[PDB]
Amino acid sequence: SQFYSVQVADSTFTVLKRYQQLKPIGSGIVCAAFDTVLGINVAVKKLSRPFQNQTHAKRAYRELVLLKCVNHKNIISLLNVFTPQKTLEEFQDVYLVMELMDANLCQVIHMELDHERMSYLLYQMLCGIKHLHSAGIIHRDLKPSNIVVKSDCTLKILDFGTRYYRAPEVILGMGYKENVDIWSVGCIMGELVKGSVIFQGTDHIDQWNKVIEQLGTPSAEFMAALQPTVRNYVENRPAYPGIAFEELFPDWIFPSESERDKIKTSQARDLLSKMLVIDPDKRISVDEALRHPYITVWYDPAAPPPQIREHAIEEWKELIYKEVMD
């Protein structure tokens, strides 16, 4: 096969000749490109020095294996993968070709969405997350910027797993389970409705303060699950009663141009109140969220789980190279 090179935004992209007129859409570094075999625009991602250490190679091998095996309507589709190198010995760069979307969620936060659209977006998020959970993948890094949409309101998750969306248990260095991703969904949901970040901490420790001021000091039952030294910190914070959810998310920030909006507003606030819960023992699960009145309107009763670690940098390199070549 033949390639050509183009300097794009401080970088040099060397790609198959089928991908033309590259233009940057984010930062792996990502370009939009016209595919002259398919006749469509695609997204071309050049992986950022994939084998510089232990972390990078581990991450990039995972991303590539998962993109190839996972097929769900709410997870980004891989269209092609290539390298401009011809041997394992000179092998340096990996290019991922993915479907091109219209926008990420940061951009939709700035608009005035009705209940139908908000609930449909949230339904899709939870569907994507459920599929990831069923494959043993707990994401932990969900945020507006790694979720993309089409103008017909289709939603896909970009990666397989920033401070503003981290669950209380992550902040306090506890363990976590599936519903760690529900906290993040609650944070994104709140922001879609409010137009601003719910918990905007100046640092990772100030994050806890932002949570406490709004939701209140968590229960003694929750405290019991902390190691004494971590609990000492938590209990030495000023005490907060928490703000009522009717006050946190007042009627006026919700759509209110018809009478049927009134009940959807009660439902949306109720779901928020179950997702934004400090104690993961008491926080809603993905399956229950999917059955919530606000969400379940989108469920159709009429997808197979995917057919799915420490190494030397050279051992990782041959693993990645094998994945690119088949």
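The numbering used is simple: start at 1 and walk along the sequence shown.
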Missing residues of the deposited chain between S27 and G28 number 1 to 3
Once average C-alpha B-factors are taken from the entry for 113 to 121 and 251 to 259, the winner is 251 to 259
Looking only at C-alpha temperature factors in the entry, 180 to 188 or 131 to 139, the higher average sits in 131 to 139
Per the deposited entry, the peak Cα B-factor within the set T296, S273, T55, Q267 goes to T55
Note to self: of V149, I205, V230, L100, the C-alpha temperature factor tops out at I205
Assert third(CA B-factor, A244) within chain per record equals middle
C69: CA temperature factor from the record, placed by chain third, in the highest
By the entry's values, the third containing the CA B factor of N80 is the lowest
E90: C-alpha B-factor third of its chain, per the entry, is the highest
Entry-reported C-alpha B-factor of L38 relative to its chain, by third, is middle
